[PDB]
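Here's the structure, in structure tokens; my notes come after.
Each value in this text was obtained by applying a stated rule to the coordinates, not by laboratory testing. Please note: Cβ atoms are built from the backbone with ideal geometry, for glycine as well, and neighbour counts cover all protein chains shown.
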Amino acid sequence: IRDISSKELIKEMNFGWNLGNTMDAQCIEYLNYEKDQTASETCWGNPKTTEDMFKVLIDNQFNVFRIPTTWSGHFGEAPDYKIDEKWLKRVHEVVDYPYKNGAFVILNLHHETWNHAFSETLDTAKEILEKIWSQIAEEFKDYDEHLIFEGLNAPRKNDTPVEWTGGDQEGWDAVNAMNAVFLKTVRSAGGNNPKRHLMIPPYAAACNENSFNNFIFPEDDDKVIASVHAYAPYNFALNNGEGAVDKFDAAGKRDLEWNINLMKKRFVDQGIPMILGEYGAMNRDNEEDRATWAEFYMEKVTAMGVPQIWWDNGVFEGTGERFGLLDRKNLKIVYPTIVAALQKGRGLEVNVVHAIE
Ligand SMILES: OC[C@H]1O[C@@H](O[C@H]2[C@H](O)[C@@H](O)[C@H](O[C@H]3[C@H](O)[C@@H](O)[C@H](O)O[C@@H]3CO)O[C@@H]2CO)[C@H](O)[C@@H](O)[C@@H]1O
């Protein structure tokens, strides 16, 4: 393991891709994990992951891969919360796809049922968090700096009015406590873990003033990174209801600038490394505008040394969220001008490989 700062290491990051709706797919109720502890990987309609999916993306200069992973349903009870071995082994396999090919990999805790930002459940959540991250840190203890741990995804007060608006004091307290537990746990684990780079999100990982202003970030730990998700401008990118737009317009452009400036103000200008662990714009039969939007977003986080990771859920059509970029089945980039835009805005040579016909 190199003994490098997060800020130095981040300089090796081009831009990234999420294996979304895969190891994060949560079908605890629909499936029977007891009977098949790895079936959840394909429960949201994505094929079982192969090394060849990563290699197509690496051919496109993507070199950071986030593997959102939902652990809930795959571990036992108190007090050990022992992670099922078949699940841990398959997570390991999926991590090695990018890792063995020389890229960055982020492994997290994703759609967990037990780590919501409420004070009634917090003691228990800390306990689970300590037990879960110990096991994970042990399993991967000899992995080098390319393997990054993101402690929690978007912890928040699920199903309340403040779930998404950036929280309240209860939620902020809960998130900051869970983050400290994660950091402590991994820092005191064996192998390279004391030197491993660690991501921690603000409340809901939201690009939001409420979350930003109440986010506690460690002092004198050079190897910690702030995790933000920012599907901005939401109208263009993520909105499926009433004010949705399919053009990247001047209001879109100004809403995105404003969010990028909030990140800049909170993180970059304060000497804190951050990664945009998720962002995307849904397919609205509008590849041209997504291309313009993608290059613009990428130029501006690049202009400030912040890498971003496309959220790819494998979904291209229908009325849910259509964030697919790689067709994992035929191994094609479906929206080649969007990859060209990521390359161009990162300052790389444009070269789109495996473009669909
Ligand atoms: O069709 C398969 C299943 O999709 C589930 O929805 C997922 C969305 O497709 C996915 O785009 C969304 O992505 C989240 C991401 O997990 C999270 O970290 C961030 O806060 O928001 C992203 C964009 O929303 O995850 C959802 C699940 O939360 C449907 O829920 C499921 O019913 C359907 O089977």
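Taking the condition closer than 30 Å to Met53 by Cβ and either among the acidic types (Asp, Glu) or out of contact with any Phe, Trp or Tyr (no Cβ under 8 Å at 6 or more places or on another chain) (or both), does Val105 pass? Spell out the reasoning first.
On the way: closer than 30 Å to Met53 by Cβ: yes; either among the acidic types (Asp, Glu) or out of contact with any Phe, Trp or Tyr (no Cβ under 8 Å at 6 or more places or on another chain) (or both): no.
Spelling it out, it is not the case that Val105 is closer than 30 Å to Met53 by Cβ and either among the acidic types (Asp, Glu) or out of contact with any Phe, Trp or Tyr (no Cβ under 8 Å at 6 or more places or on another chain) (or both).
Listed by first and then second residue, the pairs linking a residue in the stretch 40-54 that is touching a residue at least 12 places away in the same chain (Cβ under 8 Å) and within 13 Å of the ligand (Cβ to nearest atom) to a residue that is in a helix (DSSP H, G or I) and among the hydroxyl-bearing types (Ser, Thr, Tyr), with Cβ atoms under 8 Å apart and 6 or more places separating them unless they lie on different chains, are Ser40/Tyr33.
Of note, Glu295 satisfies the criterion of being more than 16 Å from the ligand (Cβ to nearest atom), under 19 Å from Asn235 (Cα atoms) and among the charged types (D, E, K, R). Scanning the stretch 205-222 for residues that are touching a residue at least 60 places away in the same chain (Cβ under 8 Å) and within 16 Å of the ligand (Cβ to nearest atom) yields a total of 1.
Each row is one residue, and each column tells you yes or no for (1) within 16 Å of the ligand (Cβ to nearest atom); (2) surrounded by fewer than 18 Cβ atoms within 10 Å (Cβ to Cβ); (3) farther than 13 Å from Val228 by Cβ.
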| position | (1), (2), (3) |
| --- | --- |
| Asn240 | yes, yes, yes |
| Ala251 | no, yes, yes |
| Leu256 | no, no, yes |
| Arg266 | no, no, no |
| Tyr279 | yes, no, no |
| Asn286 | no, yes, yes |
| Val301 | no, no, no |
| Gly324 | yes, no, yes |
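In the stretch 178-191, the residues that are closer than 13 Å to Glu139 by Cβ reach residues that are of a type in the set (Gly, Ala, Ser) and in a loop (DSSP other than H, G, I, E, B) with C-beta atoms within less than 8 angstrom, at least six apart or across chains, in these pairs: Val186/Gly151.
Residues of the stretch 1-42 that are part of a helix (DSSP H, G or I), among the hydroxyl-bearing types (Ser, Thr, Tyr) and closer than 29 Å to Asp221 by Cα: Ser6 alone.
Need a quick list: helices (runs of 4 or more DSSP H) entirely within the stretch 143-248 having at least 1 residues that are in contact with a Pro (Cβ under 8 Å, 6 or more places away or on another chain) and aliphatic (A, V, I, L, M). Give the steps one after another, and end with the answer.
Values: elements: 169-187, 209-213, 234-237.
Helices (runs of 4 or more DSSP H) meeting the threshold: 169-187.
The residue that is surrounded by the most Cβ atoms within 10 Å (Cβ to Cβ), counting only those in the stretch 146-177 that are within 19 Å of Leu122 (Cα to Cα) and away from the ligand (no atom under 16 Å from the Cβ), is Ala174. Within the stretch 261-283, residues that are farther than 12 Å from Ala232 by Cα reach partners that are of a type in the set (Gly, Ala, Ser) and part of a helix (DSSP H, G or I) with beta carbons closer than 6 Å, at six or more positions or on different chains, in the pairs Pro273/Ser6. Number of residues in the stretch 1-32 that are touching a residue at least 40 places away in the same chain (Cβ under 8 Å) and more than 16 Å from the ligand (Cβ to nearest atom): the value is 14. Residue selection: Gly314 satisfies the criterion of being in a loop (DSSP other than H, G, I, E, B), crowded, with 18+ Cβ neighbours inside 10 Å and within 16 Å of the ligand (Cβ to nearest atom).
Of the residues making up the stretch 1-38, those that are surrounded by 15 or more Cβ atoms within 10 Å (Cβ to Cβ), of a type outside the set (S, T, N, Q) and over 24 Å from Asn192 (Cβ atoms) are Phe15, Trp17, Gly20, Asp24, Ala25, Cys27, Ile28, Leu31, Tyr33.
Just to be sure before I move on: is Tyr234 hydroxyl-bearing (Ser, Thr, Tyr) and within 24 Å of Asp168 (Cβ to Cβ) in the structure I sent?
Details: hydroxyl-bearing (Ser, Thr, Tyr): yes; within 24 Å of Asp168 (Cβ to Cβ): yes.
The answer is yes for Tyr234.
Just to be sure, is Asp96 part of a helix (DSSP H, G or I) and away from the ligand (no atom under 16 Å from the Cβ)? Step through it out loud before you land on a result.
Details: part of a helix (DSSP H, G or I): yes; away from the ligand (no atom under 16 Å from the Cβ): yes.
Yes: the conditions hold for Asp96.
Cβ separations smaller than 9 Å between residues 6+ apart or across chains give the following pairs from the stretch 65-92 residues that are touching a residue at least 24 places away in the same chain (Cβ under 8 Å) and among the small types (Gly, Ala, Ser) to residues that are surrounded by 20 or more Cβ atoms within 10 Å (Cβ to Cβ) and outside any loop (DSSP other than H, G, I, E, B): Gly73/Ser40; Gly73/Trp87; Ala78/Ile128.
Can you find, within the stretch 249-292, the residue that is farthest from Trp17 (Cα to Cα) among those that are among the acidic types (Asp, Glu) and assigned to a helix (DSSP H, G or I)?
Looking at residues that are among the acidic types (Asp, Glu) and assigned to a helix (DSSP H, G or I), I get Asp269.
Within the stretch 51-72, the residues that satisfy the criterion of being within 19 Å of the chain's Cα centre (by Cα) and of a type in the set (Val, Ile, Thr) are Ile58, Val64, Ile67, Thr69, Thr70.
Only a single item in (1) among the aliphatic types (A, V, I, L, M); (2) away from the ligand (no atom under 16 Å from the Cβ); (3) under 20 Å from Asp173 (Cβ atoms) is not met by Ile225, and it is number (3).
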